[PDB]
Structure formats: structure tokens, C-alpha cells
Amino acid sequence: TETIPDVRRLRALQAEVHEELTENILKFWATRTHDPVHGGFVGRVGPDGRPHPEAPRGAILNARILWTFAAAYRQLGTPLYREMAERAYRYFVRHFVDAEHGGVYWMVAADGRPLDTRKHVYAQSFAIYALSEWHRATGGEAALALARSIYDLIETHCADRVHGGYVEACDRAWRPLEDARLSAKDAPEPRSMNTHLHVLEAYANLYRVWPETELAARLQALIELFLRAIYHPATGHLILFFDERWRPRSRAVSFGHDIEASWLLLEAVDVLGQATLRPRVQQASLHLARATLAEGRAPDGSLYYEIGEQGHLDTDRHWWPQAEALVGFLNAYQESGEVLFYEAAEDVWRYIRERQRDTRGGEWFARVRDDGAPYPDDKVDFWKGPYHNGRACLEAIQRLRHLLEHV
């Protein structure tokens, strides 16, 4: 009773995805973004494709570059990907890693000088995620050891052992900050789903290479936090911001976060080997997936951005929700066997190919308006790396590979 797309469609999609990753995404990053003046990678590329070697450089972006090239190398073996990953790692370790207090600085000047020394848990997570993947790809012990130390700092300095979860920002010396906002866009609240999602993601990847008992407990406690506090069963959306006791302090809905958490939650529970908890996760995850399917999609299959605090639907197509839906809908299909999820995956991909992709300038447009008009946003900046789209492509290729083997 398996309803599965025929081999031709499965393979056709997988080839376009592979082509997109290697010939557009990873090609753009390998050639436009390496910086030969300060080493490492540029912190910004404007809409016209101009790299900015003197732009300030965020840890998150640089961790994302590291993760993506490391992941691509592990799965595809292209020596250039290791080389690019190595370039990212060296700069990262030299300049972003705080050798005195531990963890990674928020932002450095292009030459490497600390510019914003705060220790944000979101950035610490991406560091762990990236270092753990580099370790997976190469077996480097320093990367793993650095990954472990950052974990230790988060638990030591940020863990709320009364209420679950984490204080999200500290100063350089690991003293809690009042303002935990990632940006001006975020609510001034003590807890955010966004930051806790990436702790989970980081910890799940670290657990792959360091299956330590206490990490397992921390990982499971985050999954449990998501099921009991962040995921809303009545709506099928993640609540975005909370106080310290996880009381909702927000009503906005973010479709891209929903669909990302949908597959991440499952990956995390399966990394953990937690069979007793898996049914509840699969249920929350399929719900997240359906809710996005029902409420977050334009008629062309692409995802809207969010519903704001006042209820306003932002219809802009940002690059990363499309990427995350690609994986989230393929995952929902693998989990439930319902082919409507496959069709949704195909719809979003066609949108990516037809609208999101910047064919002229390479890579993907950050934002596309509801009328199909691309905004003249930066191609690369603090918040736009190769991770969402690079990962989405790697995941889809591997997931399609498994489906193909149903024959």
C-alpha cells in the first residue's frame, strides 16, 4: 500500500537538487566569498555580487560556512569542499574562538579583532554544530575538544536548572546579559524558541560524535521542553518567545521555524535512540508539517514568512523557509507515507528553481515579494550563509536516495 512517486520523478528531482548544490550554491561560495586579504571569508556580499572583504564578520555566518563545506565534503567527497571547510576552520579557531574565557565571539572585524565580544548561546550552538561536523568529516581532535568545551560553558553559565532551557546571552566573561535579542527584529524576552531550536540541533550533532550520558540527558530535556512548552497542540505552531518559566510572551507564527523543527525534532530523537519518546515527537512533527501545509503556503507552494504579533501575514518569500520546507515535507512524507507531503516538497522546489534562485547573479535571493519581484538585499551577510540551502540540498539528495531504494 505504499504510494511512492515513480523512479523517474524521484531521480529527476534528486538530480536537480544535486545540480543546484554543486553548480550554483557551493560554486558561488567557493569562488565569490573566499577572502585573500584577511584570510577566511567575506562578511558580506551586496546585491550586485560585490564581495566586501572589510565588512565585519559574524560567528554564525562563519560557523555556517564551516558546517556546510564540512557536511558537503563528508557526503560528496569533493576535495575542494574540504579545502573550503579547512579555510573556514582556521579563521574560526584563530579569531572567533575566545582562548581566555572560552566560546565564540559574536562578531569580529575583518582582520580578526573582536568587535562584539558577547557570548550568545545561538552563536555558541552554531559553533558546536559546525565543529562537530568538521570532526565528523575529518576526525580532527581539536575541533571536537573545542566543541565539548563550548557545551560545558553553556551548561555551566546558561542552564536554567529550575525551569529548563537556557539563559541565551552572556558577556565575554560569561556573565548573563539583560538583552538576549539576536537582532532588532526579536522580542525583548528572556527565552526564544529560535535560540533553543539551535541548541537542540547543535547538541544532536555533538551527540553523534560524543555519545556522552549527561549530554543525552540534556538533549532529551530539550526535546521534552519543545513538546511540553514550545509546541502548541491547539495550533500546530511553535510559540516564539517566553519568560523564564516558559509562559508564552508572543503570538507570532513563523512557518519556516515550524517546518524546520518538524524534521529536526525527529532527527534529534533518533540520534538519541529514545524509542519511548519517539511517538510523541512524530506526532508533534507531523502536526507542525500539516499546519505549515495548511496555513503557511502560497498557492504556488512556497512558504510565507510569518504572521506577526498583530496578526499581519508577511507574504515575502525568504530563502530559508523554502529550503527548510523542502526537507520538512520530504521528511513528513518519509514518516507518514502520505504522498501529499511529497507533492508539497516538489511544489516548493519548483518555486526555488523558478523564483528563489538568482540565476543571473548566482546563489539564492534572500527575499522575493509576493508578486515575484526579488528585493535588492545582500547575497551574503551576517544572517545569510550557505547552511539552510546547502543543508536542504544535502538532506533531500540523501532522503531521495533512501526512497529510490524502496524499489
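In case it trips you up, residue 1 is the first one in the sequence shown, and so on.
Asker: Using only C-alpha atoms and the B-factors in the entry, which stretch averages higher, 125-133 or 97-105?
Answerer: The entry gives the higher C-alpha B-factor average to 97-105.
Asker: Going by the average Cα B-factor in the PDB entry, point out whether 300-308 or 256-264 comes out higher.
Answerer: Looking at the record's C-alpha B-factors, the answer is 300-308.
Asker: Based on what the PDB entry reports, which of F329, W320, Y89, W210 has the top C-alpha B-factor?
Answerer: Within the set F329, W320, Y89, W210, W210 shows the top C-alpha B-factor.
Asker: In the PDB entry, which of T195, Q282, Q274, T315 has its C-alpha at the highest B-factor?
Answerer: Reading the PDB entry, the winner on C-alpha B-factor is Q274.
Asker: Splitting the chain's C-alpha B-factors into thirds, which one does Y151 fall into?
Answerer: As the PDB entry reports it, the C-alpha B-factor of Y151 lands in the middle third of its chain.
Asker: Per the entry's values, where does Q334 land by CA temperature factor relative to the rest of its chain, in the lowest, middle or highest third?
Answerer: It belongs to the lowest third of the chain when residues are ordered by C-alpha B-factor.
Asker: Which third of the chain does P376 land in by C-alpha B-factor: lowest, middle or highest?
Answerer: For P376, whose C-alpha B-factor we compare with every modelled residue in the chain, the answer is the middle third.
Asker: Looking at the entry's B-factor column for C-alpha atoms only, identify whether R44 ranks in the lowest, middle or highest third of its chain.
Answerer: Middle third - that is where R44 ends up once the chain's C-alpha B-factors are sorted.
Asker: Divide the modelled residues of the chain into thirds by Cα B-factor and specify which third, lowest, middle or highest, holds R367.
Answerer: Its C-alpha B-factor, which the entry lists for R367, ranks in the lowest third among residues of this chain.
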